[PDB]
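protein-v6.pdb follows; it contains PDB, C-alpha atoms and all ligand atoms.
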MODEL        1
ATOM      1  CA  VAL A1128     220.633 113.508 136.699  1.00  0.00           C
ATOM      2  CA  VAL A1129     221.186 110.369 134.523  1.00  0.00           C
ATOM      3  CA  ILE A1130     224.363 110.059 132.420  1.00  0.00           C
ATOM      4  CA  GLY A1131     224.782 108.505 128.965  1.00  0.00           C
ATOM      5  CA  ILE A1132     221.143 109.370 128.181  1.00  0.00           C
ATOM      6  CA  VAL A1133     219.631 109.753 124.682  1.00  0.00           C
ATOM      7  CA  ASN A1134     216.545 111.454 123.196  1.00  0.00           C
ATOM      8  CA  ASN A1135     213.808 109.476 121.420  1.00  0.00           C
ATOM      9  CA  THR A1136     209.998 109.697 121.294  1.00  0.00           C
ATOM     10  CA  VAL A1137     208.109 107.165 123.448  1.00  0.00           C
ATOM     11  CA  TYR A1138     204.610 106.214 122.239  1.00  0.00           C
ATOM     12  CA  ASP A1139     201.538 106.373 124.493  1.00  0.00           C
ATOM     13  CA  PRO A1140     198.936 103.824 123.319  1.00  0.00           C
ATOM     14  CA  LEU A1141     196.090 105.905 124.796  1.00  0.00           C
ATOM     15  CA  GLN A1142     197.128 108.944 122.742  1.00  0.00           C
ATOM     16  CA  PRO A1143     196.053 107.690 119.263  1.00  0.00           C
ATOM     17  CA  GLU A1144     192.896 106.094 120.701  1.00  0.00           C
ATOM     18  CA  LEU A1145     191.741 109.247 122.483  1.00  0.00           C
ATOM     19  CA  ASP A1146     192.804 111.333 119.466  1.00  0.00           C
ATOM     20  CA  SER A1147     190.677 109.064 117.263  1.00  0.00           C
ATOM     21  CA  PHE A1148     187.887 109.854 119.702  1.00  0.00           C
TER      22      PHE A1148
ATOM     23  CA  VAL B1128     203.007  80.663 113.344  1.00  0.00           C
ATOM     24  CA  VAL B1129     202.013  79.351 116.825  1.00  0.00           C
ATOM     25  CA  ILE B1130     200.643  75.811 117.220  1.00  0.00           C
ATOM     26  CA  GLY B1131     197.875  74.666 119.564  1.00  0.00           C
ATOM     27  CA  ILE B1132     196.297  78.139 119.420  1.00  0.00           C
ATOM     28  CA  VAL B1133     192.657  78.892 120.347  1.00  0.00           C
ATOM     29  CA  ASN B1134     190.203  81.758 119.718  1.00  0.00           C
ATOM     30  CA  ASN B1135     188.709  83.866 122.527  1.00  0.00           C
ATOM     31  CA  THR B1136     187.707  87.532 122.938  1.00  0.00           C
ATOM     32  CA  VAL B1137     190.551  89.219 124.842  1.00  0.00           C
ATOM     33  CA  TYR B1138     189.264  92.363 126.533  1.00  0.00           C
ATOM     34  CA  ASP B1139     190.548  95.971 126.406  1.00  0.00           C
ATOM     35  CA  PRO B1140     189.770  97.862 129.641  1.00  0.00           C
ATOM     36  CA  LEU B1141     189.910 101.173 127.740  1.00  0.00           C
ATOM     37  CA  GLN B1142     187.321 100.130 125.151  1.00  0.00           C
ATOM     38  CA  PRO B1143     184.184 100.174 127.380  1.00  0.00           C
ATOM     39  CA  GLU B1144     185.199 103.444 129.041  1.00  0.00           C
ATOM     40  CA  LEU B1145     186.138 105.248 125.823  1.00  0.00           C
ATOM     41  CA  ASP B1146     182.964 103.896 124.180  1.00  0.00           C
ATOM     42  CA  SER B1147     180.960 105.244 127.131  1.00  0.00           C
ATOM     43  CA  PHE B1148     182.822 108.551 126.756  1.00  0.00           C
TER      44      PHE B1148
HETATM   45  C1  LIG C1201     217.399 116.250 124.467  1.00  0.00           C
HETATM   46  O1  LIG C1201     216.201 117.054 124.720  1.00  0.00           O
HETATM   47  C2  LIG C1201     216.388 118.219 125.541  1.00  0.00           C
HETATM   48  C3  LIG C1201     215.034 118.876 125.694  1.00  0.00           C
HETATM   49  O2  LIG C1201     214.534 119.358 124.453  1.00  0.00           O
HETATM   50  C4  LIG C1201     217.439 119.130 124.916  1.00  0.00           C
HETATM   51  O3  LIG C1201     217.661 120.254 125.765  1.00  0.00           O
HETATM   52  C5  LIG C1201     217.333 121.520 125.136  1.00  0.00           C
HETATM   53  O4  LIG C1201     218.200 121.810 124.030  1.00  0.00           O
HETATM   54  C6  LIG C1201     217.897 123.044 123.352  1.00  0.00           C
HETATM   55  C7  LIG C1201     218.878 123.175 122.211  1.00  0.00           C
HETATM   56  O5  LIG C1201     220.222 123.215 122.671  1.00  0.00           O
HETATM   57  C8  LIG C1201     217.949 124.220 124.331  1.00  0.00           C
HETATM   58  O6  LIG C1201     217.496 125.398 123.672  1.00  0.00           O
HETATM   59  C9  LIG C1201     217.083 123.952 125.554  1.00  0.00           C
HETATM   60  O7  LIG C1201     217.265 124.998 126.503  1.00  0.00           O
HETATM   61  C10 LIG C1201     217.460 122.618 126.180  1.00  0.00           C
HETATM   62  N1  LIG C1201     216.605 122.338 127.325  1.00  0.00           N
HETATM   63  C11 LIG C1201     217.070 121.913 128.505  1.00  0.00           C
HETATM   64  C12 LIG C1201     216.038 121.673 129.568  1.00  0.00           C
HETATM   65  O8  LIG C1201     218.266 121.729 128.706  1.00  0.00           O
HETATM   66  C13 LIG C1201     218.736 118.361 124.724  1.00  0.00           C
HETATM   67  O9  LIG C1201     219.706 119.200 124.109  1.00  0.00           O
HETATM   68  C14 LIG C1201     218.498 117.130 123.854  1.00  0.00           C
HETATM   69  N2  LIG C1201     219.731 116.373 123.703  1.00  0.00           N
HETATM   70  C15 LIG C1201     220.071 115.730 122.583  1.00  0.00           C
HETATM   71  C16 LIG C1201     221.383 114.998 122.618  1.00  0.00           C
HETATM   72  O10 LIG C1201     219.356 115.735 121.587  1.00  0.00           O
HETATM   73  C1  LIG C1202     190.137  81.765 114.693  1.00  0.00           C
HETATM   74  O1  LIG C1202     189.887  83.073 114.105  1.00  0.00           O
HETATM   75  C2  LIG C1202     190.396  83.272 112.777  1.00  0.00           C
HETATM   76  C3  LIG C1202     190.081  84.699 112.386  1.00  0.00           C
HETATM   77  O2  LIG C1202     188.683  84.920 112.252  1.00  0.00           O
HETATM   78  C4  LIG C1202     189.790  82.237 111.837  1.00  0.00           C
HETATM   79  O3  LIG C1202     190.361  82.399 110.539  1.00  0.00           O
HETATM   80  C5  LIG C1202     189.379  82.660 109.505  1.00  0.00           C
HETATM   81  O4  LIG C1202     188.481  81.554 109.342  1.00  0.00           O
HETATM   82  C6  LIG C1202     187.455  81.766 108.358  1.00  0.00           C
HETATM   83  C7  LIG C1202     186.557  80.551 108.376  1.00  0.00           C
HETATM   84  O5  LIG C1202     187.257  79.371 108.002  1.00  0.00           O
HETATM   85  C8  LIG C1202     188.092  82.027 106.993  1.00  0.00           C
HETATM   86  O6  LIG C1202     187.071  82.353 106.055  1.00  0.00           O
HETATM   87  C9  LIG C1202     189.093  83.173 107.079  1.00  0.00           C
HETATM   88  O7  LIG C1202     189.772  83.310 105.834  1.00  0.00           O
HETATM   89  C10 LIG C1202     190.108  82.923 108.189  1.00  0.00           C
HETATM   90  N1  LIG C1202     191.005  84.064 108.313  1.00  0.00           N
HETATM   91  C11 LIG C1202     192.329  83.955 108.456  1.00  0.00           C
HETATM   92  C12 LIG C1202     193.088  85.247 108.560  1.00  0.00           C
HETATM   93  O8  LIG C1202     192.891  82.865 108.502  1.00  0.00           O
HETATM   94  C13 LIG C1202     190.073  80.832 112.352  1.00  0.00           C
HETATM   95  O9  LIG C1202     189.448  79.877 111.506  1.00  0.00           O
HETATM   96  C14 LIG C1202     189.562  80.663 113.784  1.00  0.00           C
HETATM   97  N2  LIG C1202     189.924  79.348 114.290  1.00  0.00           N
HETATM   98  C15 LIG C1202     189.161  78.638 115.127  1.00  0.00           C
HETATM   99  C16 LIG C1202     189.707  77.303 115.541  1.00  0.00           C
HETATM  100  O10 LIG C1202     188.080  79.054 115.534  1.00  0.00           O
HETATM  101  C1  LIG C1203     231.801 107.440 125.875  1.00  0.00           C
HETATM  102  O1  LIG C1203     233.175 107.867 125.843  1.00  0.00           O
HETATM  103  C2  LIG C1203     233.406 109.075 125.099  1.00  0.00           C
HETATM  104  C3  LIG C1203     234.897 109.327 125.107  1.00  0.00           C
HETATM  105  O2  LIG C1203     235.597 108.330 124.377  1.00  0.00           O
HETATM  106  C4  LIG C1203     232.598 110.213 125.713  1.00  0.00           C
HETATM  107  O3  LIG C1203     232.771 111.392 124.935  1.00  0.00           O
HETATM  108  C5  LIG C1203     231.124 109.848 125.772  1.00  0.00           C
HETATM  109  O4  LIG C1203     230.411 110.878 126.448  1.00  0.00           O
HETATM  110  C6  LIG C1203     230.933 108.529 126.512  1.00  0.00           C
HETATM  111  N1  LIG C1203     229.538 108.130 126.481  1.00  0.00           N
HETATM  112  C7  LIG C1203     228.950 107.436 127.460  1.00  0.00           C
HETATM  113  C8  LIG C1203     227.511 107.075 127.235  1.00  0.00           C
HETATM  114  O5  LIG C1203     229.554 107.101 128.472  1.00  0.00           O
HETATM  115  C1  LIG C1204     196.568  66.752 120.404  1.00  0.00           C
HETATM  116  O1  LIG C1204     196.674  65.381 119.917  1.00  0.00           O
HETATM  117  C2  LIG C1204     195.707  65.000 118.924  1.00  0.00           C
HETATM  118  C3  LIG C1204     195.941  63.539 118.605  1.00  0.00           C
HETATM  119  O2  LIG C1204     195.661  62.713 119.728  1.00  0.00           O
HETATM  120  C4  LIG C1204     195.847  65.910 117.714  1.00  0.00           C
HETATM  121  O3  LIG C1204     194.874  65.557 116.737  1.00  0.00           O
HETATM  122  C5  LIG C1204     195.654  67.357 118.135  1.00  0.00           C
HETATM  123  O4  LIG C1204     195.838  68.206 117.007  1.00  0.00           O
HETATM  124  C6  LIG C1204     196.655  67.737 119.224  1.00  0.00           C
HETATM  125  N1  LIG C1204     196.396  69.089 119.690  1.00  0.00           N
HETATM  126  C7  LIG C1204     197.350  69.920 120.115  1.00  0.00           C
HETATM  127  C8  LIG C1204     196.884  71.267 120.583  1.00  0.00           C
HETATM  128  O5  LIG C1204     198.533  69.602 120.125  1.00  0.00           O
ENDMDL
END
Please, can you express the file's structure as structure tokens?
Amino acid sequence: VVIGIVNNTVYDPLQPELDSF
Amino acid sequence: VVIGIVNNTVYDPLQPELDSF
């Protein structure tokens, strides 16, 4: 529904921590 | 690079929970 959008990967800080657990 | 700085243990809220898990 948004116009002029782009694609890029946002980083979750919890994701590397929980993956390291 | 900052001036007038001090040292204190800033606290992650994830760290106790993930360490308990
Ligand atoms: C941004 O990401 C979306 C989601 O991956 C892309 O949409 C998909 O594009 C592929 C390739 O054309 C299609 O096979 C999928 O069916 C599309 N999905 C949807 C929900 O439309 C989109 O093309 C990407 N845009 C850019 C500019 O990279
Ligand atoms: C604040 O903390 C930093 C990091 O531990 C201290 O810097 C270290 O101090 C020791 C002791 O003099 C040195 O052996 C290290 O080489 C220092 N490390 C760095 C990266 O500089 C700093 O002294 C502390 N400051 C105060 C006021 O407590
Ligand atoms: C910017 O304008 C061009 C046409 O010159 C168009 O193709 C493009 O989709 C526009 N992009 C945005 C973000 O408005
Ligand atoms: C405050 O002033 C004193 C001199 O009166 C100086 O020695 C000290 O480093 C200064 N501290 C800060 C944080 O500016």
So which one's closest to chain B, A:1128, A:1138, A:1147, A:1133? Using only C-alpha atoms, please.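 The answer is A:1147, which sits nearest to chain B.
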Please enclose the listed atoms of ligand LIG 1204 (chain C) in an axis-aligned box, pad each side by 3 Å, and write out the centre and the three edge lengths in Å, rounded to one decimal, as AutoDock Vina command-line options.
--center_x 196.7 --center_y 67.0 --center_z 118.7 --size_x 9.7 --size_y 14.6 --size_z 9.8
Just so the selection is clear, what residues does the PyMOL selection byres (((chain A and resi 1148) around 10) and not hetatm) cover here, as an MDAnalysis selection string? (chainID A and resid 1142:1147) or (chainID B and resid 1145:1146 1148)
Residues contacting ligand LIG 1202 (chain C) - anything with an atom at most 10 Å away, using all atoms listed in the file - can you give me those as an mmCIF file with C-alpha atoms, in the frame of the given file?
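See pocket15.cif below for the written result:
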data_model
loop_
_atom_site.group_PDB
_atom_site.id
_atom_site.type_symbol
_atom_site.label_atom_id
_atom_site.label_comp_id
_atom_site.auth_asym_id
_atom_site.auth_seq_id
_atom_site.Cartn_x
_atom_site.Cartn_y
_atom_site.Cartn_z
ATOM 1 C CA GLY B 1131 197.875 74.666 119.564
ATOM 2 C CA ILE B 1132 196.297 78.139 119.420
ATOM 3 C CA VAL B 1133 192.657 78.892 120.347
ATOM 4 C CA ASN B 1134 190.203 81.758 119.718
ATOM 5 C CA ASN B 1135 188.709 83.866 122.527
#
Separation of CA of residue 1139 (chain A) from atom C11 of ligand LIG 1201 (chain C), in Å and rounded to one decimal: 22.3 Å
Calculate how many Å separate atom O8 of ligand LIG 1201 (chain C) from CA of residue 1137 (chain A), rounding to one decimal.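 Distance reported for this atom pair: 18.5 Å.
Separating CA of residue 1136 (chain B) from CA of residue 1140 (chain A) is a distance of 19.8 Å.
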